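Colleague: let me see the structure of the following:
(10 chains, ligands or ions: 6)
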Amino acid sequence: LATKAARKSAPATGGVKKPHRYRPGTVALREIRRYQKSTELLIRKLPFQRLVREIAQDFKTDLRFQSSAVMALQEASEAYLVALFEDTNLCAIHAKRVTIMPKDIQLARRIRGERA
Amino acid sequence: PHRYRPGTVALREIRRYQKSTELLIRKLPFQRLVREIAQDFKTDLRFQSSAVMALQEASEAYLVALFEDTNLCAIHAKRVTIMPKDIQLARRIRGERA
Amino acid sequence: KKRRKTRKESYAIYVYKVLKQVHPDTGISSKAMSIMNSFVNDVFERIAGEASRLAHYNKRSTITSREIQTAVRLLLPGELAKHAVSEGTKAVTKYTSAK
Amino acid sequence: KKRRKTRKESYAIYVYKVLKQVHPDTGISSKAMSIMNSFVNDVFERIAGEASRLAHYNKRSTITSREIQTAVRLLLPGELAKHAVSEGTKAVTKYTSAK
Amino acid sequence: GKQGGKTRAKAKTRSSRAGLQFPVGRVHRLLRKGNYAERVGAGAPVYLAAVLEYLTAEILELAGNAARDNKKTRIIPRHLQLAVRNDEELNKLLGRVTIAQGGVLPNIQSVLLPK
Amino acid sequence: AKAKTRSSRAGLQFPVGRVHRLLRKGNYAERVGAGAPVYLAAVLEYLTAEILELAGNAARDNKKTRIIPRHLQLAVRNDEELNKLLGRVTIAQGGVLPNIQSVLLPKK
Amino acid sequence: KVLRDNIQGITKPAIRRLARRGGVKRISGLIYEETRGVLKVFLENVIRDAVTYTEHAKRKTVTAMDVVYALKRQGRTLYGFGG
Amino acid sequence: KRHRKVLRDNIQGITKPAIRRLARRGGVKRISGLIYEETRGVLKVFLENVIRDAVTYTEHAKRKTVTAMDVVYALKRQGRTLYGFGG
DNA sequence: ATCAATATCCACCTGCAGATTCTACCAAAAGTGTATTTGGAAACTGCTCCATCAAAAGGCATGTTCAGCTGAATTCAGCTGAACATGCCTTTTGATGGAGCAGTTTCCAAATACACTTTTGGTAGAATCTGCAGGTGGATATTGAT
DNA sequence: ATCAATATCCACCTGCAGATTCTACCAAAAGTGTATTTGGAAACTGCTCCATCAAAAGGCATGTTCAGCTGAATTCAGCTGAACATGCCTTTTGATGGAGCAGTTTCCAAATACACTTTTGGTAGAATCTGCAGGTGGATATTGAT
Ligand SMILES: [Mn+2]
Ligand SMILES: [Mn+2]
Ligand SMILES: [Mn+2]
Ligand SMILES: [Mn+2]
Ligand SMILES: [Mn+2]
Ligand SMILES: [Mn+2]
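Modeller: Numbers count the residues shown, from 1 in each chain, chains lettered A, B, ... in the order given. Ligands and ions are numbered 1, 2, ... in the order given. Shown next is the structure:
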């Protein structure tokens, strides 16, 4: 090559930019939308089964559990935790914040009558 | 002239009302209110004197506590002045609205 | 050895009949039916419970359609209570029409 | 002549007897007594209710002191319950042991 | 006088008489074995059965719609949750009840959305 | 034989014969054991003593002989366990416990 | 000042007294109307049940018993008017 | 030796991401770093309470096996009625 | 306001899990038909416990003035979210031994079912008293001003 | 800091209002003494269902880096509630018929209890459907840089 046009023209496609990022909070909303649509449980089944067994064993030893007794506990456990968060959220928002804090969790329960 | 600062008289009123137990709404107005509402449910009703005292006891007991929770909400929001937002939030978390 | 059965009643077939009445071409998973079954029993104990207490409150020893009716009114919210009562009375009236 | 009764049983005299055992020199407002009574009825109803349930769960026809015990274990907070169990067992034992 | 336990006429269920799908026979029976009152009259089960049936029709009509909405034919628990939580009255009635595998209604607080 | 009530035997003040009659006619079950009413009676009485003890004390603190509703309330909401046991229970003419959120006290 | 409404009968100083027992120090001007509404819902719910008990009892008078029973259902259990 | 492994610290099986998921369904957009430990505590208590009652129901039935029925009854006591497991 | 970069649809596809479908078996239901028991509607009648009036009483509505508190506006340290790399540990498919629920028969301890006797807690005045709530006096501790 | 105004204590003091002890009257419990019944425990044992092992693979969890933007701190004004001084309109406080809430007696519709006959829902085992969950691929939004 010696011809007319092409001479060390390395900077031709300058429109190709570097990386990509979602602004903080965009993904968090994507996830909310995501989990609010589903019903699958969200705590890893085995770890949960173990916590249950640990607690139970510390109230009474040598105990057995129906697979479903454990599922029943998980179902109740998350249903409870999820609702707790809805309230917690509301408290944070009341303080004109967006970040839930323990302070909110505790106010939610105080009003609810769990540690009032 | 003499004059107490805003929030002082309120403070000793808290101290006084917390100490006592007497009802605080005026009996007749309450009597009238209870009867007015009941008429919507069934007409020509008599109310045992004790039925009304019971309702008043329950109602005030209810309101006082709602004011407790309401206070916590306001304070939660770095305030001292309770507003409607505070009653509403509390009723939501309590399960009466949410 | 022996022939060891078990037996555990449900409202399943009945939930199903009604199911076919409202939406003729729709089905229901076993999990959902389990739930429908829980619901029915729940409401049943709630209504039967109300009735129970209502009867003692009045030194009554029998629970009749009348106890059930106010139990329903005490337990079911607005429009739903209104409709259950029509259905209840309806059924009772028709039942007693049998000579 | 007259002839008209009604009758109203109440836990009042047993309450009073107990007051005189703890604080022999302390009296009690009429309204205070009305609260204590309600209280005893309440706890009575709550306990019997729980024991009722225990029996059905286990397909049993009778509510024995075992039912009362666990019913108590469920209904009362830690210490209160611990003591109520011992008091309970004490009464029943003392009853059988001697007649 | 046992000449009656034979030919002609023939039985008819009580649900049949009431005009119901639900088990009047079974319901009346459950009322006795649950120790609610000493005695239980005949109309008691008929009524209760009418009410229970009625309510299940209400939840099923509502849930079946949720089924249609998500292009499904077999109602699943999520359809039950949606139906209940979207109906003010059913929501009230089952306000202390948790339907396993039902999830929650999608709802994001306004102040959480972007600019 | 010269009769002496069940209460006497179980060694308690509360009426065993009554708790029994109540349980039967309560529609809680088909049958009722001989010991259930005794057990239950013991429990009712015991808790009754618990509250009276505590309220008796409240009276003495307010320098009073006769126990009134306020006394029962102070006794109850001042005890972690009895308070939990009565958390959804409101005692008429009992009022509340003195308590003011610190954020509200005077600045100096 | 003559032609009154009943819920308006529950006056500002009364509501103010309630709040104080609740430990409130400063109160927004809008709390009174808000409170009256809460009280109305409270009374409505309870009385509806009480009167329902009244009617069932074939009575034309609401007894303290009816009020108590209604409260227990609201989960508002009250001591002092029965058992 | 017969059997048995010691169960301890399983509360940490409640992973940061699992709790973050729960919050999301709960409609929570942002979370303070101190929430994970709070939530663990709150849950431990929730569980002890249901398990206590449930296991109490068990011991009463003279059983060594906790059934769904146990859990279901323990939950109705706490006012947390669960549908779906033989109610 | 474009374009690029990802996420989000959304209908098409079909392989498997799980509904829906009979065959039959059977036991507990549920129903049908005399006989016996009784709970409560129903009519009255007395006796409280209400709703109505009047006078007699004590809190509320009002309007002014200013302290203080709530928000608004500004700033900035860092927490917390987004993304990325790596390696574990949950999830899954299977299979086994055996604890331990859950049937079944089988009795006796305990419980219901009258009947008879004794006692006792509730009630209705009737008289007796007593704890203590309002009232006083006067000291002293807060509160707010200068 | 020094009063000066109020509020808040403490010690008494005394009347009335609502606890007391008093007596006597039953019916209703509750105790006792037989008789008939039965719930449910013990003693097997058949047969779900739980605990436990294994072993391969993929989906998640952990840990780290980087900086957008969020909470928290500071400041400052307008303006919302608090405190205040009393007349006035309504809420207390009692008396006075009479409406119902209840004791009481009666009488039949409705509930039981008992014993056959009979219809029906639960289930164990196999056989055949069939919504639909994942897998794609590519058309359709939704962000975020610029
Ligand atoms: Mn790339
Ligand atoms: Mn100035
Ligand atoms: Mn790792
Ligand atoms: Mn004396
Ligand atoms: Mn200025
Ligand atoms: Mn004056």
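
Colleague: quick one: the helices in chain G?
Modeller: For chain G, applying DSSP state H gives helices covering G:12-21, G:31-56, G:64-74.

Colleague: which helices and strands does the last one pack with?
Modeller: Looking back up the chat, that one is helix G:64-74. Under the contact criterion of 3 or more Cβ pairs under 8 Å, 6 or more residues apart in numbering or on different chains; DSSP states H and E, helix G:64-74 touches helix B:49-76, helix C:30-57, helix G:31-56, strand G:78-79. Placement of C-beta: from N, CA and C, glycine included.

Colleague: try it again with 10 Å
Modeller: On a contact count with 3 or more Cβ pairs under 10 Å, 6 or more residues apart in numbering or on different chains; DSSP states H and E, helix G:64-74 meets strand B:46-47, helix B:49-76, helix C:30-57, helix C:65-75, helix D:30-57, helix G:31-56, strand G:78-79.

Colleague: of the ones you listed, which stretch is the most buried?
Modeller: With neighbours defined as mean count of other Cβ atoms under 10 Å in any protein chain shown, the helices and strands packed on helix G:64-74 peak in mean count at strand G:78-79, which reaches a mean of 26.

Colleague: would that one count as contacting chain A?
Modeller: No - Strand G:78-79 stays clear of chain A (Cβ under 10 Å from any Cβ of the partner chain), getting no nearer than 17.3 Å.

Colleague: can you list contacts of that strand?
Modeller: Residues external to strand G:78-79 that are found in contact with it (Cβ atoms under 10 Å, 6 or more residues apart in numbering or on different chains): B:54-55, B:57-58, B:61, D:31, D:34-39, D:41-42, F:69, F:72-73, F:86, F:89-94, G:64, G:67-68, G:70-72.

Colleague: partner strands of it, with direction?
Modeller: strand F:90-91 (parallel) (DSSP bridges).

Colleague: and the helices of chain G as CSV, adding distance to residue F:107?
Modeller: What follows is the helices of chain G, written out as CSV (distance: least, Cβ to Cβ, whole Å):
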stretch, distance to residue F:107
helix G:12-21, 20
helix G:31-56, 24
helix G:64-74, 41
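
Colleague: of all the ones you listed, which one is nearest residue D:61?
Modeller: Within the helices of chain G, the stretch nearest residue D:61 is helix G:64-74; the backing value is 28.1 Å (Cβ to Cβ).

Colleague: which parts of chain C sit against chain F?
Modeller: Selection of chain C residues close to chain F by Cβ under 10 Å from any Cβ yields C:52, C:53, C:55, C:56, C:61, C:63.

Colleague: would you point out the most distant pair within the residues you listed?
Modeller: Pairwise distances among the residues of chain C next to chain F were taken by Cβ to Cβ; the largest, 13.4 Å, belongs to C:53 and C:61.

Colleague: can you list residues touching both of these two?
Modeller: Common contacts of residue C:53 and residue C:61, defined by Cβ under 10 Å, 6+ apart, comprise E:37, F:27.

Colleague: contacting residues for residue A:32?
Modeller: If a contact means Cβ under 10 Å, 6+ apart, then residue A:32 has E:106, E:107, E:108, E:109, E:112, H:23, H:24, H:25, H:26, H:27, H:28, H:29 as its contacts.

Colleague: again, only using 6 Å
Modeller: Residue A:32 is in contact with E:108, H:24, H:27, counting by Cβ atoms under 6 Å, 6 or more residues apart in numbering or on different chains.

Colleague: Serialize the residues you listed to CSV and add fields for distance to residue B:95.
Modeller: Rendered in CSV, the data for the contacts of residue A:32 read as follows (distance: Cβ to Cβ, whole Å):
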residue, distance to residue B:95
E:108, 21
H:24, 23
H:27, 18
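
Colleague: close to DNA strand I, is stretch G:76-83?
Modeller: No - with Cβ under 7 Å from any atom of the strand as the measure, stretch G:76-83 is seen stopping short of DNA strand I, the closest distance being 11.0 Å.

Colleague: near chain F, which residues of chain A show up?
Modeller: Near chain F, no residue belonging to chain A is found when assessed by Cβ under 6 Å from any Cβ of the partner chain.

Colleague: try it again at 8 Å.
Modeller: Taking Cβ under 8 Å from any Cβ of the partner chain as the criterion, the neighbours of chain F within chain A are residue A:113.

Colleague: name the nearest residue to the residue of chain G found nearest chain E, ignoring sequence neighbours.
Modeller: Among all residues of chain G, residue G:75 sits closest to chain E, at 10.1 Å; criterion: Cβ to the nearest Cβ. By the measure of Cβ to Cβ, 6 or more residues apart in numbering or on different chains, the closest residue to residue G:75 outside its immediate chain neighbours is residue F:88, 5.5 Å from it.

Colleague: surely the one you found is in contact with residue G:76?
Modeller: Yes - under the contact definition of Cβ atoms under 8 Å, residue F:88 touches residue G:76, with a separation of 7.4 Å.

Colleague: comparing those two, which residue is more hemmed in?
Modeller: Neighbours per residue (other Cβ atoms under 10 Å in any protein chain shown) separate residue F:88 from residue G:76, with residue G:76 holding more: 19 against 11.

Colleague: now that one: how far from residue G:40?
Modeller: If you measure residue G:76 against residue G:40 using Cβ to Cβ, to the nearest Å, the figure is 16 Å.

Colleague: next one: the spatially most central residue of chain E from residue H:51, what distance?
Modeller: By Cα atoms, centre = their mean, chain E has its centre lying nearest to residue E:56, at 2.7 Å. Separation of residue E:56 from residue H:51 (Cβ to Cβ): 33 Å.

Colleague: just residue E:79 next, same as before
Modeller: Summarising the geometry, the distance separating residue E:79 from residue H:51, computed by Cβ to Cβ, is 31 Å.

Colleague: what's the answer for residue G:35, then?
Modeller: To residue H:51, residue G:35 is 41 Å away according to Cβ to Cβ.

Colleague: same thing with residue C:41?
Modeller: Using Cβ to Cβ, one obtains 24 Å as the distance from residue C:41 to residue H:51.

Colleague: returning to that earlier point: any chance of the helices and strands packed on helix G:64-74 in TSV with distance to residue C:21 as columns?
Modeller: Formatted as TSV, those follow (distance: least, Cβ to Cβ, whole Å):
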stretch	distance to residue C:21
strand B:46-47	46
helix B:49-76	44
helix C:30-57	14
helix C:65-75	21
helix D:30-57	32
helix G:31-56	31
strand G:78-79	45
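
Colleague: quickly list what residue C:28 is bridged to.
Modeller: Bridge pairing for residue C:28 - DSSP bridges - gives residue E:75.

Colleague: neighbours of it, how many?
Modeller: Counted with other Cβ under 10 Å, residue C:28 comes out at 26.

Colleague: got the contact list for it?
Modeller: C:15, C:16, C:19, C:36, E:74, E:75 (Cβ atoms under 8 Å, 6 or more residues apart in numbering or on different chains).

Colleague: which of those residues sits closest to DNA strand J?
Modeller: When the contacts of residue C:28 are ranked by distance to DNA strand J (Cβ to the nearest atom of the strand), residue E:74 comes first, at 3.7 Å.

Colleague: now the one residue in chain C that gets nearest to chain G: how far from residue C:82?
Modeller: At 4.6 Å from chain G, residue C:70 is the closest residue in chain C, using Cβ to the nearest Cβ. For residue C:70, the distance to residue C:82 (Cβ to Cβ) stands at 14 Å.
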